[PDB]
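Taken together, the values in this text are just the output of simple stated rules run on the coordinates, not laboratory data. Cβ atoms come from the backbone with ideal geometry, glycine included; neighbour counts cover every protein chain shown.
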Amino acid sequence: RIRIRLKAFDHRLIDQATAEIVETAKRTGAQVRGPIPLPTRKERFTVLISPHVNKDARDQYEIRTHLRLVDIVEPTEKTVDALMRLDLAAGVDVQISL
Amino acid sequence: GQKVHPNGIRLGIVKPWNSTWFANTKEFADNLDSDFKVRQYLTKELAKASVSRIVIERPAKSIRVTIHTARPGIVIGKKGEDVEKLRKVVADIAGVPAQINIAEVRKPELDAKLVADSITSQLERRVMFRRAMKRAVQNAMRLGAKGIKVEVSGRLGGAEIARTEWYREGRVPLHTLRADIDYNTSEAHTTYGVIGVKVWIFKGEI
Amino acid sequence: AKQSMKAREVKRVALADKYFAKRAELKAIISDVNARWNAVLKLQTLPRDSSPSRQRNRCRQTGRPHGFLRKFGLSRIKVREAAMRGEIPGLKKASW
Amino acid sequence: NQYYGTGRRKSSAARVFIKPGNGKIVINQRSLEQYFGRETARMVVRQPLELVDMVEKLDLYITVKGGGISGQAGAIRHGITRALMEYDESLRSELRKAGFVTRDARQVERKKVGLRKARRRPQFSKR
Amino acid sequence: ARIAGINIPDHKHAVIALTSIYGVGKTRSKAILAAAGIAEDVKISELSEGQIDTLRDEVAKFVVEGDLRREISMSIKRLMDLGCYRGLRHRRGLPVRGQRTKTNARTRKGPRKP
Amino acid sequence: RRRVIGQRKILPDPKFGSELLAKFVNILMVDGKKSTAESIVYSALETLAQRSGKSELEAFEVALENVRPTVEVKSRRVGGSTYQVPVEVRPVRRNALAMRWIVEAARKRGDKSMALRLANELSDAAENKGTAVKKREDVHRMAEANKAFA
Amino acid sequence: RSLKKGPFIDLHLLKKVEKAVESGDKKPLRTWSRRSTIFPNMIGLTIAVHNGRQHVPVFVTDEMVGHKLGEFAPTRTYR
RNA sequence: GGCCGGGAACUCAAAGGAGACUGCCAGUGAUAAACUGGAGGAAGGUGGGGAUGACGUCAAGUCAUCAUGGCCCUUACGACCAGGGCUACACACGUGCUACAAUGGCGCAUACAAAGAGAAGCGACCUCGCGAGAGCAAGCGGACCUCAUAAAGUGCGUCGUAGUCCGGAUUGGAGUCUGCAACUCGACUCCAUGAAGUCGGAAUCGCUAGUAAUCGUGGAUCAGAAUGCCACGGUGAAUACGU
């Protein structure tokens with residue numbers, strides 16, 4: 001079984017990422033079961049402001065980076081034949097992963 | 001200090017970016033360092049460009065960094081040299097076969113950095129701090145920016161007095177989240193200490 | 001300031017490759033219990049100002065060692081201006 | 001038939017299935033006295049079950065993972081109430097009168113930094 | 001009567017009571033009684049002579065109550081009551097482990113001495 | 001002050017189905033220990049029946065009438081001057097202080113375990129002793145005798 | 001005492017354990033390495049420990065086997 | 001084992017929403033506002049939390065983060081390297097943790113989470129170490145591999161408060177790994193160590209529901225060396241009439 005990753009950041013990018021691929025990575029051959037979530041992963045920051053006796057601040061900074069699961073389990077040529085005809089959504093990969 | 005920067009706290013709205021791209025852990029850090037090398041050596045060398053912003057996008061191993069600039073004819077260089085030579089600069093200072101992009105800034109009165117550049121350009125012009133200060137205020141008002149409170153950093157006059165310039169004009173609802181206030185500052189290394197300026201253009205809504 | 005200090009380790013890491021990355025591993029098999037020949041261990045002593053434990057975790061803007069982060073490794077002080085201005089993607093003030 | 005309710009109480013998540021008859025309660029493929037057998041919280045879930053009739057008419061083949069003693073029970077004590085709503089949509093008043101309809105949204109403090117338990121100020125008695 | 005010295009136990013769990021011995025201790029009590037093959041939750045009053053006979057032999061191979069604290073003692077002055085840093089902390093009573101020697105290490109040096 | 005809060009609504013006893021008994025374990029909670037209190041106070045209360053030898057569902061109060069408080073000091077510094085001014089007990093404290101009068105001398109009494117040490121003091125009130133009893137002996141002294149300043 | 005296997009000494013004297021031990025002993029050694037242990041085969045040999053001003057001596061025996069130097073050399077002038 | 005199919009019903013998960021908005025019954029109340037009793041619905045009067053600190057405010061502090069006027073010296077109040085010291089003590093204080101136990105301890109059986117981290121990593125597993133960890137090692141680019149099992153807890157005998165199997169200082173011995181090398185100034189393990197302290201006065205401070213109280217869990221910082229700090233869960237009350 002092949003499981004796909006969709007490395008994006010925000011709704012403004014992940015929204016079309018999980019749908020532009022399901023429409024193109026499943027034309028006839030692939031068994032894409034629709035957009036599967038793979039819930040996002042989050043990391044947090046502990047940031048101080050001005051280096052002084054004041055450890056008070058400890059600002060917070062979080063990163064909500066999400067991934068999707070188009071999951072092309074079928075190595076169909078036409079499903080990946082149209083993979084190179086689009087260039088929007090700059091940083092995203094079709095990771096052919098088990 | 002209780003005045004958080006309004007742009008980043010509103011970055012969750014259409015507030016733009018200047019380095020948005022993707023990486024794994026094995027190459028966040030170096031790519032971030034590559035981003036600063038292009039971030040710094042494109043500002044000191046580009047004082048006269050009146051740059052609004054330089055934005056880094058990294059699609060795949062060949063990046064599409066765009067530059068927000070005031071005068072379209074001046075940023076071309078000697079007709080494409082800076083397009084190529086700075087791409088030569090970035091081709092190794094970032095380590096990727098990058099592609100440079102240049103973005104215009106229509107009505108540079110509408111950019112908080114560029115106006116703060118304009119005042120700072122004339123702060124060192126050896127002028128007095130009040131008349132020149134208010135003169136620019138209405139210029140934007142004649143061209144929009146429906147609200148700006150204008151601030152100038154400390155060290156005014158020959159004396160120990162280092163004060164602030166509050167000088168509100170219009171509507172700058174900082175605590176209101178739906179404010180999309182245009183903010184950037186500017187500073188000037190004066191013959192006596194540090195003199196800076198802070199300006200908050202209000203660009204309507206949404 | 002202390003750029004010489006901030007450049008001190010810059011030359012106390014430039015030798016690490018030729019000494020540790022290509023020789024220490026050859027002596028490292030002796031170092032861990034894989035046979036502890038005391039005499040053979042002398043070879044690693046040839047470099048001193050380089051060491052895996054001699055990382056100074058030097059912030060690459062102002063050279064303070066304190067304030068590192070293994071993902072990138074920058075002080076907490078300069079990321080602040082990098083935050084609102086967008087230089088670090090995928091970050092906004094952590095409102096949870 | 002099988003009767004479905006999600007249920008969630010204090011970050012606890014189960015899946016509660018009621019079937020007519022077959023009184024035995026299967027919880028993580030464990031008996032009543034095996035998994036929730038005689039603990040600090042082993043009748044705190046079935047107070048909504050004496051107001052309604054007894055064991056013999058309802059089955060609980062329960063998909064429950066996650067939670068504490070009262071947490072794995074919390075996903076149940078609330079999980080049962082949502083999964084018996086479609087069992088009978090008219091008895092809603094009694095449990096709302098008893099309060100068991102209302103979800104226990106008493107979520108524990110998401111801690112804030114500074115104060116020790118995020119709302120409790122440390123010991124610096126002299127000021 | 002007494003097997004080998006100090007800390008004679010009475011009416012306490014065999015391992016729990018054998019911890020009173022200073023030869024054996026917190027876990028040598030159970031380790032040595034593992035070699036004794038006796039019950040553990042039983043009181044020392046429950047012990048008889050037929051099992052404590054297997055203790056004098058195993059306390060000979062082990063450190064005895066009376067000695068244990070003496071050979072550790074002059075072994076310090078045997079090697080490490082010279083200008084040794086730790087011995088500087090023994091003849092004076094200060095900690096050798098390198099923690100903050102002023103306060104919060106009160107038991108090592110003794111009572112508070114204002 | 002000017003605003004008020006209603007009493008928090010409490011489910012009944014998970015074992016006897018009586019809300020008053022359920023509130024009782026809630027006050028003894030130090031270190032967050034009801035599950036230990038299950039082997040401490042619930043093990044205590046289970047033994048309170050046969051040691052008492054009667055149904056501890058409504059006979060449970062046959063040792064509490066003397067404990068009924070009437071007054072406590074309320075610090076009214078009225079106008080900036082602290083006074084005695086003992087206000088009569090309102091229901092939100094006269095019963096809370098009844099539970100506050102229980103385990104003041106039942107932690108380290110030097111016995112088997114407070115799993116059953118508390119199971120010693122309860123029948124004592126209907127056996128005419130225990131911690132809850134002498135609590136009312138001192139309250140009578142502070143009031144009803146200082147009329148010139150009470 | 002922090003190795004228990006593969007005991008190593010710095011070349012503040014290891015450079016000379018092959019060069020000064022062969023000469024018997026000399027004036028107390030110009031040794032800034034109080035960190036290593038002394039092996040039992042340096043009986044009586046004078047290793048002058050740099051307390052920080054200069055190099056201070058220590059008296060050496062053979063019941064000495066796996067013990068450290070800097071231990072035998074106080075660093076701070078108490079009082 | 002839900003293992004493969006397979007449903008994605010559906011826990012969980014996510015791209016968008018709706019739902020509480022004084023919305024309504026009724027009332028206090030000038031009718032008003034406001035307030036209250038009641039109802040609805042998961043959610044009644046900012047549902048619950050954080051983000052967001054006005055004018056100002058203090059020669060506040062920061063030229064030791066940086067930038068920064070002026071003051072300096074530039075074979076130097078520049079620097080390289082090697083020892084030590086930031087932890088040294090004669091004491092006082094600030095903070096935290098650990099206890100002072102049987103609401104605990106022992107071991108036995110037992111079910112008990114969440115968030116995270118990471119192909120220069122955790123390291124599965126496999127052997128021993130009483131352990132430290134070591135020899136072997138999958139897997140993964142992480143809804144795929146580990147940390148990581150929860151923990152207090154309950155039933156089992158247990159001592160019935162023993163300066164205590166409490167507690168852990170402590171010391172030296174034995175060792176494990178980290179790093180060349182770790183006395184000062186590594187950690188960790190085993191052993192002996194069983195001290196003061198058996199709930200702390202003058203007093204004083206914190207505390208508003210999942211609150212206190214706790215129980216643990218990990219993370220970052222980490223060659224390495226948390227009672228510090230970040231983050232997550234487990235259990236879970238009263239006080240608040242009053243100006």
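Could you figure out which of (1) near RNA strand H (Cβ under 8 Å from one of its atoms); (2) more than 7 Å from every other protein chain (Cβ to nearest Cβ) isn't true of residue A:60?
Among (1) near RNA strand H (Cβ under 8 Å from one of its atoms); (2) more than 7 Å from every other protein chain (Cβ to nearest Cβ), residue A:60 violates only (2).
I'd like to know if the range C:59-68 contains one or more residues that are more than 8 Å from RNA strand H (Cβ to nearest atom) and over 21 Å from residue C:4 (Cβ atoms).
No, the conditions are met nowhere in the range C:59-68.
Out of the residues in the range A:37-57 meeting the condition of being farther than 21 Å from residue C:73 by Cα and near RNA strand H (Cβ under 6 Å from one of its atoms), tell me which one is nearest to the other protein chains (Cβ to nearest Cβ).
Quick first cut of the range A:37-57, residues farther than 21 Å from residue C:73 by Cα only: A:37-40, A:53-54, A:56.
With the extra rule that they be near RNA strand H (Cβ under 6 Å from one of its atoms), the set shrinks to A:37-40.
Numbers: A:37: 16, A:38: 16, A:39: 14, A:40: 11 Å.
If we take residues in the range A:37-57 being farther than 21 Å from residue C:73 by Cα and near RNA strand H (Cβ under 6 Å from one of its atoms), then A:40 is nearest to the other protein chains (Cβ to nearest Cβ).
Can you name every residue in the range F:11-30 that is at negative phi and assigned to a loop (DSSP other than H, G, I, E, B)? Lay out the reasoning, then the answer.
As a first pass, look at the range F:11-30 and keep what is at negative phi: F:11-16, F:18-30.
The answer is F:11, F:12, F:13, F:14, F:15, F:16, F:18, F:28, F:29, F:30.
Quick one: residue F:37 ticks every box in (1) within 12 Å of chain D (Cβ to nearest Cβ); (2) surrounded by fewer than 17 Cβ atoms within 10 Å (Cβ to Cβ) except a single one, so which number is it?
So the condition that residue F:37 fails would be (2).
Return the residues of the range A:1-33 that are more than 9 Å from RNA strand H (Cβ to nearest atom), farther than 21 Å from residue B:20 by Cα and under 12 Å from the mean Cα position of the chain (by Cα); say none if nothing qualifies.
Within the range A:1-33, just A:21 meets the criteria.
Looking only at the range D:49-78, filter to residues that are assigned to a helix (DSSP H, G or I) and hydrophobic (A, V, I, L, M, F, W, C); which one of those is nearest to the other protein chains (Cβ to nearest Cβ)?
Restricting attention to the range D:49-78, the residues satisfying the condition of being assigned to a helix (DSSP H, G or I) are D:49, D:55-57, D:71-77.
After this cut, where a residue has to be hydrophobic (A, V, I, L, M, F, W, C) as well, the list is D:49, D:55, D:73, D:75-76.
Details: D:49: 12, D:55: 17, D:73: 11, D:75: 18, D:76: 14 Å.
The residue in question is D:73.
If you check every pair at least six apart or on different chains, which have Cβ atoms under 7 Å apart with a residue in the range F:116-131 that is closer than 14 Å to residue F:52 by Cβ first and a residue that is of a type in the set (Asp, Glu) second?
Close Cβ pairs (under 7 Å, with a partner that is of a type in the set (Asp, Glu)) amount to F:130/F:121; F:130/F:124.
Scan the range E:71-90 and give yes if some residue there is farther than 30 Å from residue G:56 by Cα and away from chain G (no Cβ under 14 Å), otherwise no.
First, pick out the residues of the range E:71-90 that are farther than 30 Å from residue G:56 by Cα: E:71.
After this cut, where a residue has to be away from chain G (no Cβ under 14 Å) as well, the list is E:71.
Within the range E:71-90 (the criterion being farther than 30 Å from residue G:56 by Cα and away from chain G (no Cβ under 14 Å)), the answer is yes, since at least one residue qualifies.
Looking only at the range F:107-123, count how many residues are within 28 Å of residue F:73 (Cβ to Cβ) and touching an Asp or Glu at 6+ places or on another chain (Cβ under 7 Å).
So the count comes out to 0.
For residues that are within 11 Å of another protein chain (Cβ to nearest Cβ) and over 24 Å from residue G:48 (Cα atoms), scanning just the range E:91-100, find the one that is farthest from the chain's Cα centre (by Cα). Don't jump to the end; show me each part of the working.
Residues of the range E:91-100 that are within 11 Å of another protein chain (Cβ to nearest Cβ), as a first pass: E:92, E:94, E:96.
Now drop any that are not over 24 Å from residue G:48 (Cα atoms), which leaves E:92, E:94.
Working: E:92: 23, E:94: 21 Å.
So the residue we want is E:92.
Of a type outside the set (S, T, N, Q), closer than 14 Å to residue B:39 by Cα and part of a loop (DSSP other than H, G, I, E, B) - does that describe any residue in the range B:74-89?
Step one: of the range B:74-89, the residues of a type outside the set (S, T, N, Q) are B:74-89.
Filter again for closer than 14 Å to residue B:39 by Cα, leaving B:86-87, B:89.
From the residues that got through so far, the ones that are part of a loop (DSSP other than H, G, I, E, B) too are none.
Taking every residue of the range B:74-89 in turn, none turns out to be of a type outside the set (S, T, N, Q), closer than 14 Å to residue B:39 by Cα and part of a loop (DSSP other than H, G, I, E, B).
Residue B:8 is checked against (1) within 8 Å of chain C (Cβ to nearest Cβ); (2) in a loop (DSSP other than H, G, I, E, B); (3) buried (at least 16 other Cβ atoms within 10 Å of the Cβ) and fails just one. What number does that condition carry?
Looking at each condition in turn, residue B:8 falls short on (2).
Select from the range G:33-77 the residues that are exposed (fewer than 15 other Cβ atoms within 10 Å of the Cβ), more than 9 Å from every other protein chain (Cβ to nearest Cβ) and under 18 Å from residue E:81 (Cβ atoms) and list them in ascending order.
G:62, G:66
Within the range A:13-34, can one find any residue that is touching a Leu at 6+ places or on another chain (Cβ under 6 Å), under 27 Å from residue B:58 (Cβ atoms) and small (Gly, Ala, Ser)?
Initially, the range A:13-34 is screened for residues touching a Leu at 6+ places or on another chain (Cβ under 6 Å), giving A:17.
If we keep only those that are under 27 Å from residue B:58 (Cβ atoms) too, we end up with A:17.
Add one more test, that the residue is small (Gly, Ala, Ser), and what stays is A:17.
The answer is yes, given that some residue of the range A:13-34 is touching a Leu at 6+ places or on another chain (Cβ under 6 Å), under 27 Å from residue B:58 (Cβ atoms) and small (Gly, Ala, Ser).
(1) of a type in the set (D, E, K, R); (2) within 13 Å of chain G (Cβ to nearest Cβ); (3) assigned to a helix (DSSP H, G or I); (4) more than 7 Å from RNA strand H (Cβ to nearest atom): which one isn't true of residue E:67, the others all being true?
Answer for residue E:67: the failing condition is (2).
Filter the range A:63-92 down to the residues that are within 11 Å of residue A:17 (Cβ to Cβ) and within 14 Å of RNA strand H (Cβ to nearest atom) and list them by number.
The answer is A:66, A:67, A:68, A:70, A:89, A:91, A:92.
Report, by residue number, each residue of the range F:124-146 that is part of a helix (DSSP H, G or I), out of contact with any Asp or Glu (no Cβ under 9 Å at 6 or more places or on another chain) and farther than 17 Å from residue F:64 by Cα. Lay out the reasoning, then the answer.
As a first pass, look at the range F:124-146 and keep what is part of a helix (DSSP H, G or I): F:124-126, F:135-142.
Next, from what is left, pick out any that are out of contact with any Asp or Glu (no Cβ under 9 Å at 6 or more places or on another chain): F:124-126, F:136-138, F:140-141.
Hit for the range F:124-146 is F:141, nothing else.
Which residue is farthest from residue B:3 (Cα to Cα), if the candidates are limited to the range C:41-71 and must be under 12 Å from the mean Cα position of the chain (by Cα) and facing chain B (nearest Cβ under 10 Å)?
This residue is C:70.
If I ask for residues that are surrounded by 13 or more Cβ atoms within 10 Å (Cβ to Cβ) and in a loop (DSSP other than H, G, I, E, B), which ones from the range C:16-47 would you list?
Selection gives C:36, C:47.
Pick from the range G:5-32 the residues that are closer than 12 Å to residue C:38 by Cα and among the charged types (D, E, K, R): which of them is nearest to the other protein chains (Cβ to nearest Cβ)? Let's see the steps before the verdict.
At the first step, the residues of the range G:5-32 found to be closer than 12 Å to residue C:38 by Cα are G:5-10, G:14.
Checking which are among the charged types (D, E, K, R) leaves us with G:5, G:10.
Values: G:5: 5, G:10: 7 Å.
The selected residue is G:5.
Among the residues of the range E:39-54, is any within 8 Å of RNA strand H (Cβ to nearest atom) and aliphatic (A, V, I, L, M)?
No - not one qualifying residue is present in the range E:39-54.
Scan the range F:83-104 for residues that are part of a loop (DSSP other than H, G, I, E, B) and within 11 Å of RNA strand H (Cβ to nearest atom) and jot them down. Reasoning before the result, please.
We begin by selecting, within the range F:83-104, every residue part of a loop (DSSP other than H, G, I, E, B); these are F:83-86, F:89-90, F:95, F:101-104.
F:85, F:89, F:90, F:95, F:102, F:103, F:104 - these are the residues of the range F:83-104 that are part of a loop (DSSP other than H, G, I, E, B) and within 11 Å of RNA strand H (Cβ to nearest atom).
Spot the failing condition for residue A:32; the list is (1) out of contact with any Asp or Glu (no Cβ under 8 Å at 6 or more places or on another chain); (2) away from chain C (no Cβ under 11 Å); (3) surrounded by 15 or more Cβ atoms within 10 Å (Cβ to Cβ), and only one is missed.
For residue A:32, the failing item is (1).
What pairs come out if I take residues in the range B:32-50 that are within 16 Å of residue C:74 (Cα to Cα) and pair them with residues that are in a helix (DSSP H, G or I) and β-branched (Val, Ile, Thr) whose C-beta lies under 7 Å away, six or more apart or interchain?
Once the first residue is within 16 Å of residue C:74 (Cα to Cα) and sits in the range B:32-50, its partners that are in a helix (DSSP H, G or I) and β-branched (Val, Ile, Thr) give B:37/B:93.
Restricting to the range B:11-53, what's the tally of residues that are at the interface with another protein chain (Cβ under 7 Å from one of its Cβ atoms), within 15 Å of the chain's Cα centre (by Cα) and part of a strand (DSSP E or B)?
Counting residues in the range B:11-53 that are at the interface with another protein chain (Cβ under 7 Å from one of its Cβ atoms), within 15 Å of the chain's Cα centre (by Cα) and part of a strand (DSSP E or B) gives 1.
Conditions tested, residue by residue: (1) among the β-branched types (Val, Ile, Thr); (2) within 17 Å of residue D:77 (Cβ to Cβ).
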| site | (1), (2) |
| --- | --- |
| D:5 | no, yes |
| D:17 | no, yes |
| D:22 | no, no |
| D:27 | yes, yes |
| D:37 | no, yes |
| D:43 | no, yes |
| D:47 | no, yes |
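Output the residues belonging to the range D:92-122 that are among the small types (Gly, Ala, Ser), over 30 Å from residue C:94 (Cβ atoms) and surrounded by 10 or more Cβ atoms within 10 Å (Cβ to Cβ).
Just the residues of the range D:92-122 that are among the small types (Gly, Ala, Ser), to begin with: D:93, D:98-99, D:105, D:114, D:118.
Okay, now just the ones that are also over 30 Å from residue C:94 (Cβ atoms), so D:93, D:98-99.
Listed by number, the residues that qualify are D:98, D:99.
Scan the range B:152-194 for residues that are farther than 21 Å from residue B:51 by Cβ and among the β-branched types (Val, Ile, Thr) and jot them down.
Correct list: B:152, B:161, B:164, B:172, B:176, B:190, B:191, B:194.
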